[PDB]
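This document starts with one chain, in the form deposited in one PDB entry, laid out as structure tokens.
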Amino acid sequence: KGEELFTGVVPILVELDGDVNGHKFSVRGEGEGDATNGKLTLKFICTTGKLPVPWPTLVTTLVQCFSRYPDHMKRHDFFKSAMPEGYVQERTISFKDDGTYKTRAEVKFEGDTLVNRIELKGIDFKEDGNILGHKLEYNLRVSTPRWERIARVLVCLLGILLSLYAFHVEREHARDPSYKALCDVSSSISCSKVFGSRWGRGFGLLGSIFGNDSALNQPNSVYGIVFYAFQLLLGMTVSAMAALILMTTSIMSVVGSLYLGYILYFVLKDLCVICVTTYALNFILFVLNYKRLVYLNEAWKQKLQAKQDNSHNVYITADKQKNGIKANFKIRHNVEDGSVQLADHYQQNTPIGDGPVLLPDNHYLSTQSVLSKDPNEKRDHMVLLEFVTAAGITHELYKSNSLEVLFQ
């Protein structure tokens, strides 16, 4: 079925020609592939000299037909169905705040060899950018875990909404005596009585400790806006300086939330869901910044590169209109200063020959990469080892022994 062609070892040859802002280069890689275990191993050499771009930015471009599909999901393996005829893989890689890659590739069998021929076009790249300036780390690890990166963005976005709304209640209630906010309903459930109180501007202190009309003296929500924004955008760089600056400010959040929360319950005897959540949001930020400092202390443990945290998902969906598939995912390169260079991926696959192919359901390919070097090779090279396995398929469980044994 073409899936029979991947039950053993398959030699792999890749070739890539491209020009990026005028700079041309050619890459040739050689190796084999084990689809039964979801593994590939290749050694790429830039035949023209020095690669004008960092090696990790070309890992995604340089044969998903060696993915391991469990016996459940082998119904959804489009890549092996299109073989030996092959498929055409076009991509668009957009680097945030920089240029974009434009690739087209033909993946096909040539004798007993799986061959990938690629053409790349790099357009509108900044020279001293993280790409054409060679500023990226030589790996494909994730500096911040996925489920923690999502926790940061969601809580900081929620913190800005709540603080901006708290600023809305403070400024209008001070100007309009007939104004009632959504949290102003009954006495003991009143925003205006909390923000309009003494402790609502500069935490009650630092006014009459400062001029009481100064610029520092400000509604407490304003400090949150600056804090949540500062935590959101610097919180993606994983550095030494950027780590303690996040932990320093996050401590100031917990000492201010504890102070403010005390006055809310015991002094004012009030209730404010916007205040309680912002306290919770600030406590979540504290423990997330605490993780990174132990991520930095255990640096030796984390140079391993092969950990399942360093994996990337490639979400696939069908394309019945063209008898193919399309996919999207994101890659976050590690730049030498600690921040992140984002790279948007948009993929489209179309079979070469005209035969029965297997259009899949919405699943994804979990991928991991290991980028090594060779001391004997003097040219600009890269040793690669990848791991692709499919996931995202189910098995509801009415027929479960626990529920069934209760219902006899």
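All residue numbers refer to positions in the sequence shown, first residue = 1. Under this definition, the rigid core comprises the largest set of C-alpha atoms superposing within 1.5 Å between the forms.
The next section is about a form of this same protein that is not shown, the form deposited in another entry.
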(request) After fitting the rigid core, tell me which of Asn217, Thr100, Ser81, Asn323 has its Cα displaced by at least 2 Å between this form and the one not shown. (result) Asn217
(message) My question is whether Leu285 is one of the residues whose C-alpha shifts by 2 Å or more between this form and the one not shown, given a fit on the rigid core.
(response) yes
(request) Establish whether a shift of 2 Å or more occurs at the C-alpha of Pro177 between this form and the one not shown, with the two forms superposed on the rigid core. (result) yes
(request) With both forms fitted on the core, give yes or no for whether the Cα of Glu148 moves by 2 angstroms or more between this form and the one not shown. (result) yes
